[PDB]
Each structure stands twice: as structure tokens, then as C-alpha cells.
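Structure, as C-alpha cells:
Basis: the model, the stated rules and, where named, an outside source; nothing here is a laboratory result. When we count neighbours, we look across all protein chains shown, and the Cβ atoms used for this are built from the backbone with ideal geometry, even at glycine.
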Amino acid sequence: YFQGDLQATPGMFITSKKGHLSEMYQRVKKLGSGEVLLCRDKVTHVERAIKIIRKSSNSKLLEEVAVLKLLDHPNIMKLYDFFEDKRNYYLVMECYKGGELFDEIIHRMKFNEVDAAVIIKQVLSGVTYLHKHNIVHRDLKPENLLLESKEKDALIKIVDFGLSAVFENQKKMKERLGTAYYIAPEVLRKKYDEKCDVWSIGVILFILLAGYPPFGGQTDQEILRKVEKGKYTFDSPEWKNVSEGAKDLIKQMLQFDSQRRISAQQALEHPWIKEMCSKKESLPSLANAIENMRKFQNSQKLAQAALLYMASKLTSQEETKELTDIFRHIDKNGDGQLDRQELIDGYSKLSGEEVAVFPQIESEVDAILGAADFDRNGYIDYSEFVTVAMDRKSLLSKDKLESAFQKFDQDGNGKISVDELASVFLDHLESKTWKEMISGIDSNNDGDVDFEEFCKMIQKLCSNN
Ligand SMILES: Nc1ncnc2c1ncn2[C@@H]1O[C@H](COP(=O)(O)OP(=O)(O)NP(=O)(O)O)[C@@H](O)[C@H]1O
Ligand SMILES: [Ca+2]
Ligand SMILES: [Ca+2]
Ligand SMILES: [Ca+2]
Ligand SMILES: [Ca+2]
Ligand SMILES: [Mg+2]
């Protein structure tokens, strides 16, 4: 291996490891009853939501963890850590305190068109990203949509991937799963694809605007027979003042024919979404972002891995708020990835300076892509953007450097060894590459990386030219 072969990804920080709950977390309170527990990190004091699942029959959970570790989008849940005991599996998740969207529906009872569009565009953005990564949720409903915070513009987070699946473009899914009000009729017929999720969102949008479901009944039997027929109506007084554009989107998402049904990507682009979200937006720019991004060119892989962990797993909502809003703006199609053309079009928000019609901008975009694209997938992913654009004063705080070092130092002896370096990303392979990656930053010739050496390497990376 060479260093140019290594890839820093958010998923590499999650691996099946042996651990005890009491060793690293303190129990605060029971959040769900399978058990959701609010816990406090014994070192950083950060509170996290831990899903305790009791103990191949355990293959379903491992496949879910394999999906969960990949999830990197402003509108999708984040998995902080994963560990196991002799009896239980521990899914350490980022805690969201704004409640479920279900709670807001019960309290508000109905949403205006602008509010409904803002929420639904976020669900569609999350779903567009899932579908592009061959993931189908299969249980989208207001109970599985959490609000980030209790703050006014708090982001929607898609949660509960328990019924999720990796789908194939050539094969239809057969498992009848979901919730009575939200289930697509083709799921009931045991022959469906990812369009089943678009149906679920259509039902959610109908509820937001009207305050009642499109397929109702006193029993599940009544609801499902209405779902099977696929017949619903806007002929109710709750719909009198609702625009033609909102009804048009619902009709396309609740299109009985899966092939003719709007995709999550196309629904995000719908004229009603565009009009309503433009009303809400009617906006800050980044300073010295291009110079900061250029620092990552040819940078040490251990330094990339450290900063990626600090930015993606160690930063608060308050620290990333402005970055997430800029990312969402540049990400025109809301797929959670910034492609070459998106970077070109939204360049004025990155550089700060205004772009004229007259080449240089395309060269700078390819330089940014070469530096920030840590996994070499051709895009600047969400966590990659947060890493390369974050201000130094916030990203390089002592507590973040301490936690990043502690994560990589598996045995906790105060030194990152050759075995641990290969484990941060390649565990089985023995190579002079790991030894040489360390020797380049080793100041006391002991063949290990101590906290001081770790900090100096990161400081050299984010230092002025
Ligand atoms: N990351 C999280 N942050 C905060 N709360 C969470 C998080 N994940 C799950 N919860 C809450 O944990 C509680 C139980 O979730 P869970 O057991 O997965 O579903 P449930 O018991 O069927 N309730 P529901 O999701 O409304 O159908 C719910 O109140 C969730 O909102
Ligand atoms: Ca995009
Ligand atoms: Ca990338
Ligand atoms: Ca060690
Ligand atoms: Ca050393
Ligand atoms: Mg649930």
C-alpha cells in the first residue's frame, strides 16, 4: 500500500467492538421500550441515545449497522459508535431533542403550505440520498422523523432503519412491511421497489396540510382495504384553500402506478416545493474557504482521518449550523453530495467573491475536488464538506483533539501504535507503510504516535502558508 491508496470515510469509525455500557456511559433515563436509553459520555459529558438490542439470527442487525454507518446527510440520523456485550448490541446514536414530527402534528393539528413544504423537502432530500445509495426506508411516517432541536428552523432527521433494506435495480422486494396509513399498495401486493417510500411521503404531506390521513378507518382492516383500492379525495372543507400545486404534488406521490409515480428526486424539484421554499428563504457566505480547502491537498491520511472524525462525530449542531445551511444551498438537487457542476454554480458562496461569465473557476473546483474528496467517489460528501470548510478555532479545540486521539488509541496507553494505525481505517495486513506513516511524524523515535505528535501533525496541516 501507499498513502495515496487510503480512504478517510465516516463509516470507518464504526466497527464491531467489545465494550461495556457502564465503562463509557452513564444511564440518565429510559427514552423507549429493544430499549432506547438516554446516556451521558463519562469523559466528554455529551448525551447520546443508545438503542440496546438483545442477542445467524443477529445478521439482520449487522446489515442494519452496515447501512447506518454509511448514513451521512443533514436530514438523516447519525450513528456515533457501535459496541457489543455477551447479551446485547449497543447502537450509540446522535441525540435529537425536538421530538417526533408526530408530536408537532398533534400539537399544531395542520401546517400552512410554506411550513409543510419546508418539512417535506427535507424528508425528500434524505430519501433522495437513501435511494441513490440503494437504500429503501420502508417505514416513513411522522413518528420516524425527529426534530434536531426545539429551535424554530431545526432540521428534520430520518430515524429508525429497523425495516430498511438494500434494494437491487433488477429485483423487486417481497416483504410486506410498514404502517397501515403509510404503506404503498404494491407493498400489500408483495411486489415493489423504492417508489413505496414516495407513497409514504405523499401520505405524510396529505396529513400535514389536512390534519387527517387519506386512507382512514377504525381498524387496520378498514385502512388496508382503502389502501388496496388506492382511492382518496381532496373533496373535504380542509382542502378548500389549498393550492393546485400542493394537490398536484400529492397526486404524483400517491400515483397508484409505481412506474408513473414521482421519484423522491423529482418531487424535491416540483414547482410547489420551489415556490414555497423560495418564500421561506426570502443567507451567509464563507470567508477564506478555498485557501483552507487547498491545505488538504496531499495531506497525511492520519490527519485527514482525525479531522474527519472531529468534524463528523465530535461537532455540535451550533458549530455546524452555518456550514449545513451553505451545504444545503450548494446541493441544488439535495442528494447530500456536491458534484463538479454544483461546486461551479455555487462558487460565490464558497469563495465569497462574485463570479463573472469569463475557465479559472473550473480549475479551482478540480483542485477543491482533489483535496476534499477523501474517499475518491467524485463528490464532496456532507462530512467531507464540514471537515474542509469549518473554522480552525472551532474544529481545533483541545477537547476535539483529545477525543480524536482517544478513539484511535484503542488500548488507551497514550500512544497510537502500528496495529492501531491500520485499525483507524486494514487490520490483518502488516506493511512498512504503517511504520513509515508514523516515522514521518515521530519526534521521539519510539515507533508510536503520542498526543503531542498527533496535535503537531494536525497543526502543520491547518497552518498558514
Ligand atoms: N436519535 C434519537 N434521539 C432522540 N430520541 C430518539 C432517537 N432515536 C430514537 N429516539 C426515541 O426513542 C423512543 C423509542 O423509539 P423506538 O423504540 O425506536 O420506536 P417506538 O417505541 O415504536 N416509538 P415510535 O418510533 O413513535 O413508533 C422514541 O421516542 C424515539 O423518538
Ligand atoms: Ca448534489
Ligand atoms: Ca467524496
Ligand atoms: Ca495505543
Ligand atoms: Ca513517538
Ligand atoms: Mg418507530
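General observations
- Qualifying residue in segment 371-385 (condition: closer than 23 Å to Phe82 by Cα, in contact with a strand residue (DSSP E or B) (Cβ under 8 Å, 6 or more places away or on another chain) and among the hydroxyl-bearing types (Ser, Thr, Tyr)): yes
- Looking at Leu70, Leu101, just one residue is crowded, with 19+ Cβ neighbours inside 10 Å and either away from ligand 2 (no atom under 16 Å from the Cβ) or among the hydrophobic types (A, V, I, L, M, F, W, C) (or both), and that residue is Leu101.
- Filter result for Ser423 (outside any loop (DSSP other than H, G, I, E, B), in contact with a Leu (Cβ under 6 Å, 6 or more places away or on another chain) and of a type in the set (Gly, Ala, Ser)): no
- The set of residues in segment 120-145 being within 16 Å of ligand 3 (Cβ to nearest atom) and surrounded by fewer than 24 Cβ atoms within 10 Å (Cβ to Cβ) consists of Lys132, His133.
- Exclusive hit being farther than 16 Å from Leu302 by Cβ, acidic (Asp, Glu) and surrounded by fewer than 21 Cβ atoms within 10 Å (Cβ to Cβ), set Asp442, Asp448, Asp419, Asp391: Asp391
- Tabulated pairs, segment 442-455, first closer than 19 Å to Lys432 by Cβ and part of a loop (DSSP other than H, G, I, E, B), second of a type in the set (S, T, N, Q) and away from ligand 1 (no atom under 16 Å from the Cβ), C-beta under 6 angstrom, 6+ apart or interchain: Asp448/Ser417
- Failed condition for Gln170, given (1) closer than 23 Å to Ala66 by Cβ; (2) within 22 Å of the chain's Cα centre (by Cα): (2)
- Tally, over segment 190-219, of residues that are surrounded by 13 or more Cβ atoms within 10 Å (Cβ to Cβ) and among the charged types (D, E, K, R): 4
- Meets criteria (among the acidic types (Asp, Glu) and away from ligand 5 (no atom under 16 Å from the Cβ)) for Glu420: no
- Here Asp5 passes the criteria (1) among the acidic types (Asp, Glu); (2) under 23 Å from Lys400 (Cβ atoms); (3) surrounded by fewer than 13 Cβ atoms within 10 Å (Cβ to Cβ) except the one numbered (2).
- Residues in segment 259-314 that are more than 22 Å from the chain's Cα centre (by Cα) and of a type in the set (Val, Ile, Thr): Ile262, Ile290.
- The number of residues in segment 148-179 being buried (at least 18 other Cβ atoms within 10 Å of the Cβ), under 11 Å from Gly98 (Cβ atoms) and within 12 Å of ligand 1 (Cβ to nearest atom) comes to 2.
- Residues in segment 41-61 that are closer than 10 Å to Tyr89 by Cβ and either among the polar types (S, T, N, Q) or not assigned by CATH to the domain that holds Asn88 (or both): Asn58 alone.
- If the condition is being within 14 Å of ligand 3 (Cβ to nearest atom), over 30 Å from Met437 (Cβ atoms) and not hydrophobic (A, V, I, L, M, F, W, C), then segment 299-336 contributes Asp331, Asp335, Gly336.
- Helices (runs of 4 or more DSSP H) lying entirely in segment 349-415 (those with 1 or more residues that are over 19 Å from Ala306 (Cα atoms), within 16 Å of ligand 3 (Cβ to nearest atom) and not assigned by CATH to the domain that holds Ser125): 360-372
- Taking the conditions (1) outside any loop (DSSP other than H, G, I, E, B); (2) in contact with a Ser or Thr (Cβ under 9 Å, 6 or more places away or on another chain); (3) more than 16 Å from ligand 4 (Cβ to nearest atom); (4) over 30 Å from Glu342 (Cα atoms) in turn, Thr433 satisfies each one other than (2).
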